[PDB]
Amino acid sequence: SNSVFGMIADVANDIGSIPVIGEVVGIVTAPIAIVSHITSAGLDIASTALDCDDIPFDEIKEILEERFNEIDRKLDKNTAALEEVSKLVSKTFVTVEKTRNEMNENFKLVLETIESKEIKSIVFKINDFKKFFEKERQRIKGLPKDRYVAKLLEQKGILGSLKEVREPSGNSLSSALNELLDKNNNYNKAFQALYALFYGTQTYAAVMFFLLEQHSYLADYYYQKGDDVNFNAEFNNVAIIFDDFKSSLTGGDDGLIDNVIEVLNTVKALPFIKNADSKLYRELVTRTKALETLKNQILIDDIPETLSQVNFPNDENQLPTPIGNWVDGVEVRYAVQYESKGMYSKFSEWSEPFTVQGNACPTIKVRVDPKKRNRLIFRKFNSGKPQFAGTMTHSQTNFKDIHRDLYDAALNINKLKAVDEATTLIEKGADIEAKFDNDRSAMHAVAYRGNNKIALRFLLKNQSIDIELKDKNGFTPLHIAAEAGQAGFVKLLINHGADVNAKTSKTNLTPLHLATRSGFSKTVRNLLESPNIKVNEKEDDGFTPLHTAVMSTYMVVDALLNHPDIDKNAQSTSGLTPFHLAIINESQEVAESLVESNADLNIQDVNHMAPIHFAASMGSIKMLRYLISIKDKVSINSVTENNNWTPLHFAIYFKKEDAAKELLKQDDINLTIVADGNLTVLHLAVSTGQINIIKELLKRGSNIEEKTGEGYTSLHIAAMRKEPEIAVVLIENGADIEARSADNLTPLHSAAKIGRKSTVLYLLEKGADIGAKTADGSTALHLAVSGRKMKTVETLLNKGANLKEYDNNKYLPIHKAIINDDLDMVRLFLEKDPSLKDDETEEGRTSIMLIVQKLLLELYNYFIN
Amino acid sequence: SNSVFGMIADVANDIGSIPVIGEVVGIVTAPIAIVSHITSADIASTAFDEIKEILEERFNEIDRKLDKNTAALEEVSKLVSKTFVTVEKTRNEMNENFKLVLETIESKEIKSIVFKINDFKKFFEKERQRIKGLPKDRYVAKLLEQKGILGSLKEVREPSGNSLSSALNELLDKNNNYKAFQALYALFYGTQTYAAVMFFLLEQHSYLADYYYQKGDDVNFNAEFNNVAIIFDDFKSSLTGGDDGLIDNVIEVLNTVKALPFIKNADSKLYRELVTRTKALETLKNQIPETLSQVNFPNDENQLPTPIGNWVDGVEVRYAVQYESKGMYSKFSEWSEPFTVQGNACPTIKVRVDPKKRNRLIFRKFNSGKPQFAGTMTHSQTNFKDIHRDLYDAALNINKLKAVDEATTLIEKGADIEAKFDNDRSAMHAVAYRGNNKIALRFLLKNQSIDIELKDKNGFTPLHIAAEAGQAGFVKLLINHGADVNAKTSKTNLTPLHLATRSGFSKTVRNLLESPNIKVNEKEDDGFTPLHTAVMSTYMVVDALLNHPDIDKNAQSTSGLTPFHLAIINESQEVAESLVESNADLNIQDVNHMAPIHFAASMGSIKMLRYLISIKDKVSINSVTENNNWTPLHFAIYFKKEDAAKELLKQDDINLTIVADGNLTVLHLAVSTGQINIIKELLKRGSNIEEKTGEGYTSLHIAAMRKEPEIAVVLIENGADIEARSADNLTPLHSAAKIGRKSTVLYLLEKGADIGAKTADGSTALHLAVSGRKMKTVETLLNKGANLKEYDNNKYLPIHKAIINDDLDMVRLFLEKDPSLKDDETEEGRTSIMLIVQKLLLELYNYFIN
């Protein structure tokens, strides 16, 4: 179940939950655990042998936050769309890596032997190189941004020398080709070696890819607030990397073309004996030819210039004016570069930081460039700015830099100073609403910062822009201010109104839902009053605004509880009321407020669990006490509609054995609950192996013996429990030693199957009957000789107390051993068990039958005795 | 011996009472020397700076530790230190047999690599021991540059591991084949060494980060946290992860050779408990970004921009916030976002960006290192940080009128004092540490219940801060309330009187003594009194305590330290005179049973020595003790304080008739020293030349058994007998022979010593010479006391020992070179033959028969 449930966890990883940020670590871990439990539902005993029952219970969470951090390592919507390179290469990588996934077992099989030829040693060495690659690959993806780039900053050169592999075995492959020529001519070991050479080629190509995307991510990191200058260096490095890539690929693929030629030559010239292994080989030859044709699918335009190309000295409205943010004296770190058609070329050359008390109006000959490539300049002052000063389609005259200046003025936090900045800019009145950082940054940002009063009263011309203006992420200004609590400006916007139920472009959500977790009771009332918005709104994932409001736990939920016409209860995608979250989010005040508003609508989830069982699952001791203090909703003693389980069963089954003690100490608990298999919760505890609650229930007078419909008894469970103390524990409790199966399978037979000799000897001093026998008539001796457990059958022969007699079938236990044919045990049995094997059966024919049955070895002739 | 005093040093190191200035570095170094003397308290001994060097370096190591409530990662530091000690115990234990491995040399060719890893061990040990010797500044300075070398080493250990796995392959080969035991033991040594080195590196980096916390660079704090995380992850992958670390290989080798049907040495069993330790260690080892982007408070009311110097006008802002208060304190850097902010201090701090179940503490900064702290609470907070910050800032200022202005303004602006800062209650106790005008007490007067009982991080009350600050006026201003003058702090519970004595603000302690109503008689940690702290203070302030209260002037401590001895150590003659005038001399013999003159000799303070001489009152210059009746003169004898020794010699009542244990007198001590000039001065004074001992030894008995002859020349100038018998009748010739100094016997015989002396046993000088078997001694005997051929009751002739001791040339001198001419030397002359035949003898013994 470890691998299969790990794959289920990887499926949950591919879900990518955190974009809909409603996943608390608890509310993502505990549901995953219960999902695993439900998918592995059903009860037995073989699981309870520590085979597949509870092997993982917590460390799966490790992979869970793995999934989360690999998810969030993705670029936070990098303003440049240059990530299409990484996207393409990852798409190519997925298929090749799956093919390598099958080739993994293929070439674990390919390990059939070593040194059929001397080249096979080199094959093994390059195999070890591959396994080095695979070992290094796993650790890479885990770490978050800072640690990720830290690990990046050293292994890149190692990988570069790995592609230019320290031992360029290609000529060794060519020599292997020359040898396998004759090797295939003679008839194959070289037949087995073609798989190896092809696998090496695949690993080669995969390593080239891996280098490529790691470089691409490094470039991305240096792009978004990274090393600005080193972005250009890294891009040139990856360009040269691609050049050497292509050239060495042409050479290696000339070799591979020779390989294909000789493969066809062998196919035609060979006799008609081959391997279907080579048939899958030829299918992958087709695949590799496709990937070979794939190779053809793939700043100078930007930076042969400086800023002083065409200086604009001065004129009206742009005279040198001392303005705070536009400081007079600090550098002018100009930088113009390319982006268009998704393609992006970014340079970093602030070659002219020349400072004057003048104006930045000069033009840089943008209008004359013949190439139809869109350009963009960004002019830092003293350090790496957000890098989006001015986007010019065909011309820049500082006007878009002026737009950025207005944008920055909108980022001020001083109110009257912001008004003064607004006056200064409206002297010229640059184009508001211009998009920066791929965001409709002007109006959204001014709404975020505030002073929406002045912005509205000066620029109230387009309410549609005020409402349905969406950014790179597809964000309305309402969503912009949702988590930012511009309550007064919420009145400002609602005065002319806005889309109450606007949905963002990706992971469609109300701005209300965005504001739900902000805990802004002073802001939410505005939407709560004016339009009477749909309180029962469900996003792309069916979580109520109430659900998304349980996060804050503040008085916002209390205001929302009852004042409007609310869906006081609902059902989530997996069947989760806000009461479920309140139980799990551990906000006791909100739980009490909800109890005040309405009674507990203890509706079960999709897999038939009420919020009661979660507390037993995670030992929610404080809420456990509070819910007992409710004194009502006695569903703590109810059952799962799925399979009739109380929360006590889950508490015992998760080893969280404190809330169980609490519940036991609460009141007169009903332990007579029966579930799938008629297994008492006592039997479940016996399987788990917790003596404390065991004797605790014993004090509460729990019924020791209620035979289950599964055929087992708690005595058998103890006989198979690896903790031999529990059987004795039940012994002083007075548990009947004859707590046997309906099939009369005593736990002696169980232990004979198990091999737990200590519990065997236990039952020996306890004097369990040895002359007894189960339904087929077989004493536990027969089961043991079927299983052939050495020390167990030794103790048996010590205390067999049986005459080695015929069962329902005429076999003696020695005949059972004969059928087993355990030659060492057969010889052990022949004499130490007194032989007397003359006329044992009718004329002693049983042995004679075993002669005349078939061709029998002379070993049996010796065993005749 | 030396290790015993090292253990005593360690015990002294453990307790923080000596870091408490109630005992000072000199004041603790001196008792170490005297305790070394006491534990040291003959004959063979006749034939200390390093101790105090060890003490001072260990106290420096204690000083290297950081302050209380300083930084984070402290649980990691503590646990890693604990397991580091645990590992180092076993490593030190196993080092001995690791060395013993290096004797079965070259049964294997990889023994060169074994020597290589041994040299690796030597390098590591030298570096790590060289680390633990420097003060904090030198400590961090040394760690700085070589942190890179240490990090390099962290991987440069790789060929050790690779060659070690290869060696373990060959070792499984060897053990399953049968000398591999030593190599497997070296395997274990490599494993333990790797683990220990890694833990050492982690602990060192942790402490370095902790130091960087104290106004260093938070960016550097993130860098160091990243480094420690990466190193621990390297550990995990290398030795615990899915990749099979060497521990898996060693466990499988143990299991495989466990099935070996062979009988093997106890080395395997010891390695088995070693592997038990390894798997226990294996089980042990196998287990925020947000910003006030927009929300500046608008003028709801009372923002009222004031030109506050504290909240500087025109500067920018910086900020970050991290989680603390339970276990770890994950740390983060977000100063990319801070930018210019002016107008009035009104940032709506907005904790609620991710209002999770964590206590996130924002620390606020600007251009340089800043106060960098603002409040703590889960839910919404509304910029009371500004007001509280300026509040403790006013409490911290030194311009009292400005403090008045700020206190008047900000309280009206709206906040509460009770909220802490820097985890301190600085807005309330910086008041005591800087003094306060009336309005501080006026504002605090409303409750009369906040500041008085206000425990700090260390639990101090304003009593303690005021007492150390010595702000006597503000001391009265507060004690108008009259709180617990006995407010003992949480750690190192003491009285504010102790603090005042330590500081030296006499006005404050006079004010305390004006209306104490206190138990001034407090006895602190080591049985001391506040009078002892005053003695440390070395000022006339002690007079106020001396006169008015009723303290025990004759106060003795746990170690036997009187205030007299403390003054002697400190050497303030004015204070000593004041103490003498106060009450009686506490010249009582202490726990070690010493006298103040003993310390006067110990430090060699001739100033205080002469002052005590001029006292003449109870100045028991010839006082002896219960333990061996040591005199201060005796201590001056041992410590070779020759100047003070002769100085006191220039006085009258210098008792030359001192009898110690076994009658080892002052002249005997002078002999045992070797300072000849002092002995000559003593003889000029005229002590008993032939002062004897319990074993009937004159001073020349021991002077002879020395390594220089000129001392015997001085004694014979004095006129000591050259044939003075002993209890064993060991004449000076006998003593001179029993050591092996030929020149001593030479000068004895120049004066006419009796060569023919022979003890009751019959041990003639020839017998002693052959007993020492020295060729020079025996040839001198043959020169003078040639051959008496004596024996015991069992007739052991000199030739009998001469042939037992197996020396060739001397036997030839007896029989061939200068023949003894004695054939048939014994009864029928076959006692020699009797010894030839008695039992098993030597292959080469045939010539020794002669």
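Here is what the cut-offs are and how they apply
- Residues numbered from 1 in each chain as written, not as in the entry; some residues may be left out.
- Chains lettered and ligands numbered in written order.
- Heavy atoms only, no water.
- Residues with missing side-chain atoms left out of burial classes, pairs and counts.
- Helix = DSSP H or I, 4+ residues; strand = E, 2+ residues; numbered from the N terminus.
- Rg over C-alpha atoms; globule rule 2.2 N^0.38 Å.
- Contact = heavy atoms within 4.5 Å.
- Buried area = accessible area lost by both parts, 1.4 Å probe.
- Salt bridge = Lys/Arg side-chain N within 4 Å of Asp/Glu carboxyl O.
- Buried < 20%, exposed > 50% of the residue type's maximum accessible area, 1.4 Å probe, protein only.
- Domains from an automatic or database assignment.
- Pairing = 2+ DSSP bridges.
- Patch = residues over 30% accessible without salt bridge, like charges linked within 9 Å, V, L, I, M, F, W, Y side chains within 5 Å.
- Areas by Shrake-Rupley, 256 points an atom, 1.4 Å probe, with all protein chains shown as cover.
- Polar contact = N/O pair within 3.5 Å; in protein donor to acceptor, adjacent residues only side chain to side chain.
- Arc of directions from axis to C-beta.
- Axes fitted to C-alpha atoms, helices over the stretch in contact; angles between N-to-C directions.
- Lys, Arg positive; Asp, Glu negative; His and termini not counted.
- Charge placed at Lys NZ, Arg CZ, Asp CG, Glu CD.
- Core = buried A, V, L, I, M, F, W, Y, C linked by side-chain atoms within 4.5 Å.
- Parallel < 35°, antiparallel > 145°, perpendicular 65-115°, else oblique.
- Left-handed = near helix turned anticlockwise from the far one by under 90°.
- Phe/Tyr/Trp six-rings, centres within 6.5 Å; stacked < 30°, edge-to-face > 60°.

**Looking at the overall build of chain B**
Reasoning step 1: Counting its regular elements, chain B contains 39 helices and two strands.
Reasoning step 2: The C-alpha atoms of chain B give 39 Å as radius of gyration, which overshoots the globular expectation for 850 residues (29 Å, by more than 25%).
Reasoning step 3: A principal-axis box enclosing the C-alpha atoms of chain B has dimensions of 130 × 85 × 40 Å.

**Brief notes about the interface of chain A and chain B**
In many reports, interface size means the accessible area that the parts give up when they come together.
Reasoning step 1: Each side of the interface is counted separately: chain A has 22 residues, and chain B has 18 residues.
Reasoning step 2: The contact between chain A and chain B buries some 1600 Å² in all, and 51% of this surface belongs to carbon and sulfur atoms.
Reasoning step 3: Broken down residue by residue, the surface that chain A buries against chain B is led by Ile413, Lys415 and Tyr448 of chain A, which jointly contribute 27%.
Reasoning step 4: At the boundary of chain A and chain B, one finds two salt bridges.
Reasoning step 5: Here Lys357 of chain B makes a salt bridge to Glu586 of chain A, at a shortest N to O gap of 3.9 Å.
Reasoning step 6: Residue assignment for the side of chain A that touches chain B shows that the elements contributing at least two residues are helix 5 (119-140), helix 6 (145-163), helix 12 (415-426), helix 13 (441-449) and helix 22 (578-585) of chain A.

**A few points about the pattern of salt bridges**
All names here are of chain A.
Reasoning step 1: For the coordinates displayed, the defined rule picks out 51 salt bridges over all chains.
Reasoning step 2: Between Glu305 and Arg375 there is a salt bridge whose closest N-O contact spans 2.9 Å. In this pair, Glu305 is assigned in the loop between helix 10 (276-293) and strand 1 (336-340) and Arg375 in strand 3 (residues 375-377), connecting sequence segments 70 residues apart. Each member of the pair, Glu305 together with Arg375, is buried.
Reasoning step 3: Here the salt bridges share partners, and the residues they tie into one network are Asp301, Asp302, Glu305, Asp369 and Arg375.

**Describing the domain arrangement of chain A**
Reasoning step 1: Here chain A is described as being made up of domain 1 (1-76), domain 2 (81-297), domain 3 (301-432), domain 4 (438-533) and domain 5 (534-589).
Reasoning step 2: A separation of 50 Å is found between the C-alpha centroids of domain 1 of chain A and domain 3 of chain A.

**Remarks on the pairing of strand 1 of chain A**
All names here are of chain A.
Reasoning step 1: In terms of burial, strand 1 is largely enclosed, as four of its five residues are buried.
Reasoning step 2: Pairing of strand 1 with strand 2 (residues 343-345) involves three bridges; the strand directions are antiparallel. Within the sheet, the bridge partner assigned to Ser340 lies in strand 2 and is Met343.
Reasoning step 3: Taking the residues that link successive antiparallel strands as the turn, the strand 1-strand 2 hairpin has two residues, and the phi of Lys341 there is positive, at about 55°.

**Digging into a nonpolar patch on the surface**
Residues and elements named next belong to chain A.
Reasoning step 1: Residues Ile848, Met849, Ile851, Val852 and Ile864 make up a contiguous nonpolar surface patch of about 370 Å² in total accessible area.
Reasoning step 2: By the element assignment, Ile864 lies in the segment after helix 39 (858-863).
Reasoning step 3: Owing to a relative accessible area of 31%, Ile864 belongs among the partly exposed residues under this scheme.

**Details of the side chain of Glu524 of chain B**
Residues and elements named next belong to chain B.
Reasoning step 1: Of note, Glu524 is situated in the loop between helix 19 (506-514) and helix 20 (530-537).
Reasoning step 2: Of the polar contacts made by the side chain of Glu524, one reaches the side chain of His498; its length is 3.3 Å.
Reasoning step 3: Those residues within four positions of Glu524 in sequence are excluded, and the remaining contacts are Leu494, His498, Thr529, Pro530 and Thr533.

**Re helix 25 (residues 621-630) of chain A**
All names here are of chain A.
Reasoning step 1: Listing the buried residues of helix 25 in full gives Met623, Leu624 and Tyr626. All buried residues of helix 25 project into a common sector of 165° when viewed along the axis, lining one side.
Reasoning step 2: In this structure, the buried residues of helix 25 make contact with helix 22, helix 23 (588-597), helix 24 (611-618) and helix 27 (659-664).
Reasoning step 3: Looking one or two places after helix 25, you find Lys631, whose phi comes out positive at around 70°.

**A closer look at the sheet that holds strand 2 of chain A**
Residues and elements named next belong to chain A.
Reasoning step 1: An order of 2-1-3-4 is seen for the four strands of this open sheet, with the pairing classed as antiparallel. Here the strands that pair on one side only, and so sit at the sheet edges, are strand 2 and strand 4 (390-392). Taking the axes of each pair of neighbouring strands and ignoring which way they run, one obtains an average angle of 25° across the sheet.

**Regarding a positive patch on the surface**
Reasoning step 1: Positive charge collects at one region of the surface, where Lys607, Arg610, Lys646 and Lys650 of chain B lie side by side.
Reasoning step 2: With respect to the secondary-structure elements, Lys646 of chain B resides in helix 27 (residues 642-649).

**Thoughts on the environment of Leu361 of chain B**
Residue and element names in this part refer to chain B.
Reasoning step 1: Relative to the elements of secondary structure, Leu361 occurs in strand 2 (residues 360-365).
Reasoning step 2: Note on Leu361: relative accessible area 12%, which makes it buried.
Reasoning step 3: A sequence separation of 10 residues divides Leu361 from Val351, and the C-alpha atoms of the two residues are 9.1 Å apart.
Reasoning step 4: With residues up to four places along the chain from it excluded, the contact list for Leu361 reads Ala320, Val321, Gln322, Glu324, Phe373, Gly375 and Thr376.

**Focus: a negative patch on the surface**
Residue and element names in this part refer to chain A.
Reasoning step 1: On the surface, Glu59, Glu62, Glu65 and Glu66 cluster together to form a negatively charged patch.
Reasoning step 2: Here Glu65 is to be found in helix 3 (residues 60-72).
Reasoning step 3: What makes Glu65 partly exposed here is its relative accessible area of 37%.

**Some details on the nonpolar core**
All names here are of chain B.
Reasoning step 1: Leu168, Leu184, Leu187 and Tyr271 are the most contacted members of the largest nonpolar core, which has 22 residues in total.
Reasoning step 2: Every element with two or more residues in this core is listed here: helix 4 (74-100), helix 7 (158-177), helix 8 (180-213), helix 10 (246-258) and helix 11 (266-285).
Reasoning step 3: Ranked by residue count, the leading element in this core is helix 8, at six residues.
Reasoning step 4: Setting aside residues no more than four positions away along its own chain, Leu184 makes contact with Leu168, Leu171, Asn175, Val253 and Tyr271.
Reasoning step 5: Counting 18 residues, the second-largest nonpolar core is a separate cluster that includes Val509, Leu546, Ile551 and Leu566.

**What to know about the environment of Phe210 of chain A**
Residue and element names in this part refer to chain A.
Reasoning step 1: Here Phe210 shows up in helix 8 (residues 189-223).
Reasoning step 2: Of the residues examined, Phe210 reaches a relative accessible area of 8% and is grouped as buried.
Reasoning step 3: With sequence-adjacent residues up to four places away left out, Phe210 is seen in contact with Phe93, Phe133, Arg137, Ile140 and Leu159.

**Overview of the environment of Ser121 of chain A**
Residue and element names in this part refer to chain A.
Reasoning step 1: By the element assignment, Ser121 lies in helix 5.
Reasoning step 2: You can call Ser121 partly exposed: its relative accessible area is 40%.
Reasoning step 3: It is 19 Å that separates the C-alpha atoms of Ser121 and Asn104, two residues lying 17 residues apart in sequence.
Reasoning step 4: When residues no more than four places from it in sequence are discounted, the contact partners of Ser121 are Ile114 and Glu115.

**Quick notes on the packing of helix 5 (residues 111-131) of chain B against helix 8 of chain B**
All names here are of chain B.
Reasoning step 1: Viewed as axis vectors pointing N to C, helix 5 and helix 8 meet at an angle of 30°, and their least axial separation amounts to 12 Å. Between helix 5 and helix 8, the interaxial angle falls into the category roughly parallel. Crossing angle aside, the handedness with which helix 5 passes helix 8 is left-handed. Contacts between helix 5 and helix 8 involve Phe120, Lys121, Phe124, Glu125, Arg128 and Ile131 from the first element and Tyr189, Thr193, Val197 and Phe200 from the second.

**Considering the packing of aromatic side chains**
Residue and element names in this part refer to chain B.
Reasoning step 1: Tallied over the entire structure, the rule returns 32 aromatic pairs over all chains.
Reasoning step 2: An angle of 10° between the planes, with centres 3.7 Å apart, marks the rings of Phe98 and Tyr189 as stacked.
Reasoning step 3: Since its relative accessible area comes to 3%, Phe98 is described here as buried.
Reasoning step 4: Geometrically, the ring pair formed by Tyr392 and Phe421 is stacked, given 3.7 Å between the ring centres and 20° between the ring planes. Taken together, the residues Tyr392 in helix 12 (residues 384-396) and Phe421 in the loop between helix 13 (400-413) and helix 14 (426-434) connect sequence positions 29 residues apart.
Reasoning step 5: What makes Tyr392 buried here is its relative accessible area of 3%.
Reasoning step 6: Residue class for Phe421 comes out buried when judged on its relative accessible area of 8%.
Reasoning step 7: Among the aromatic residues, those joined into a ring-pair cluster are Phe48, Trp630, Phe635, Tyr638 and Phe639.

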